């Protein structure tokens with residue numbers, strides 16, 4: 001739970017910063033990293 005949530009918080013922040021700097025490749029790969037970790041977090045709780 002909580003450690004995974006920390007990772008999720010951090011990738012979410014990195015996506016915000018990458019969008020603000022107009023770095024598209026970085027945004028798209030990080031969005032896929034986030035999507036995979038969010039499913040892992042949800043399944044562990046589900």
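Cβ sites come from the backbone with ideal geometry, for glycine too, and all protein chains shown count toward neighbours. Every read-out reported here was derived from the displayed coordinates using simple, explicitly stated rules and does not represent laboratory data.
Odds and ends about this structure:
- Residues within segment 1-31 that are in contact (Cβ under 8 Å) with a residue 40 or more places away in the chain and either in contact with a helix residue (DSSP H, G or I) (Cβ under 6 Å, 6 or more places away or on another chain) or assigned to a helix (DSSP H, G or I) (or both), tallied: 1
- The residues of segment 32-46 that are surrounded by 13 or more Cβ atoms within 10 Å (Cβ to Cβ) and either without any contact (Cβ under 8 Å) to a residue 24 or more places away in the chain or touching a strand residue (DSSP E or B) at 6+ places or on another chain (Cβ under 6 Å) (or both) amount to a single one, 33.
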